[PDB]
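The chain below stands alone, shown as structure tokens; this is the form deposited in one PDB entry.
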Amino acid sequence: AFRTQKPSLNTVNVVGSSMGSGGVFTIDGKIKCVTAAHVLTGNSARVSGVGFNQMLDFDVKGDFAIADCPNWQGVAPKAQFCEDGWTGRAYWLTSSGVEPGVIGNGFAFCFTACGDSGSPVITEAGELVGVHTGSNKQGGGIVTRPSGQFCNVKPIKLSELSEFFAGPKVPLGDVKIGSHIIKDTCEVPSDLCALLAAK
């Protein structure tokens, strides 16, 4: 809905013990690929994309997985790991398109689904936050950082979520919310209400 129709160019499919996503970036001069550990079969998966297909082996910390792949001839955007404790708007580079979301203090918010595990999560400045791990199917996200630390699906204030969205306040209306959200307001910035109603 708020997902693009096509993935970004550096987004890849990643198949190991299940099918998920990943992406390719230039980090520390080297072209690398990140995804979620749990989609790999052991430490390996077949990484496919436009003009690419090759098995790769990943270094792993918790659900975070990274690999060298110097055969990538496509674009590999520069991306460093963002500072720990960074919060803000971000993008989930999934295999079925880019979905917008939020990285907050101890939480993540984004509408994701099966096949999205492994998606890179990057800041609006292109810095890498981590990779998508999973969700409660209601916007409550699990993101894992290169350290291996992660956020769980914990209760959040609608008011706190709202701080990450611009636009004048509008009534929620009949828009259903998501059971991990503490509904501490019936009015929300328009960008957020448009996102919530698109779920």
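Residues carry their position along the shown sequence, with the first being 1. The term rigid core refers to the maximal set of C-alpha atoms that superpose within 1.5 Å between the two forms. Only residues modelled in both forms are compared.
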{"item": "Of 18-26 and 185-193, the stretch whose C-alpha atoms average the higher B-factor in the entry", "value": "18-26"}
{"item": "Between the two ranges 41-49 and 170-178, the one averaging a larger CA B factor in the entry", "value": "41-49"}
{"item": "Candidate residues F58, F64, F164, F150, the one whose C-alpha B factor the record puts highest", "value": "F58"}
{"item": "Candidate residues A36, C69, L158, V143, the one whose C-alpha B factor the record puts highest", "value": "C69"}
{"item": "Third of the chain, ranked by Cα B-factor, where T94 sits", "value": "lowest"}
{"item": "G74 CA temperature factor, ranked by third within the chain", "value": "highest"}
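Keep in mind that the form deposited in another entry is not shown, yet the notes after this line are about it.
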query: Flagged residue of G51, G148, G42, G167 - C-alpha shift reaching 2 Å or more between the shown form and the other one, core superposed; finding: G167
query: Cα displacement of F111 between the shown form and the other one reaching 2 Å, rigid core superposed; finding: yes
query: Core-superposed comparison between the shown form and the other one, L158 Cα displacement 2 Å or beyond; finding: yes
query: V15 C-alpha moves between the shown form and the other one by 2 Å or more, core aligned; finding: no
query: Inter-Cα distance between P120 and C114 in that other deposited form, nearer or further [3 Å or more]; finding: closer
query: Distance trend in that other deposited form - C-alpha atoms of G115 and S44, change of 3 Å or more; finding: farther
query: Regions of at least 3 residues displaced between the shown form and the other one by 2 angstroms or more (CA, core superposed); finding: 111-115, 152-198
